[PDB]
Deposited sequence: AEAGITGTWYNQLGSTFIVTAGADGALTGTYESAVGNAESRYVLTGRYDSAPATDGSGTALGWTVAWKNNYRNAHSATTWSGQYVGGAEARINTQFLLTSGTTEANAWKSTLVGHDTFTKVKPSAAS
């Protein structure tokens, strides 16, 4: 139930393919390459499915010298969702290294 199109509440879109080898591949909409990993054999006791992915914010058109990683879980059901916390790291000089990383969270629905 992870494969498909997911939306957060701020207009972002990601299209992911969940591989039988536990790979997560896809696109984060401009448009960037996404890549990560998920638990391909989760428990069936009500627990969600742990997963994570990364996007580096460079494509053919632009480059923000930064990258975001999302760490969370997939919860299936009537209203399937992916609940995440993220770290967004920017390339800084070592003087500014303490202020390099933002932390936040985001929920995705199949909306």
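So, counting the deposited sequence from position 1, which segments are absent from the coordinates? Coordinates drop out over 1-3, 33-39, 122-127.
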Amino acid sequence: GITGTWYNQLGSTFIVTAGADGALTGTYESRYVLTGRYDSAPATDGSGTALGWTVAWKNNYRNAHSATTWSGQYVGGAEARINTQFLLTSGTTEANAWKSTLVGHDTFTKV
From here on, numbers count along this sequence of modelled residues.
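Averaged over C-alpha atoms, is the B-factor higher for 76-84 or for 35-43 in this PDB entry? Per the deposited B-factors, the answer is 76-84.
On mean C-alpha B-factor from the PDB entry, just flag whether 91-99 or 16-24 is the higher one. According to the PDB entry, the answer is 91-99.
Which is it among 66, 49, 69, 60: the one with the largest CA B-factor in the entry? Highest C-alpha B-factor among the listed options: 60.
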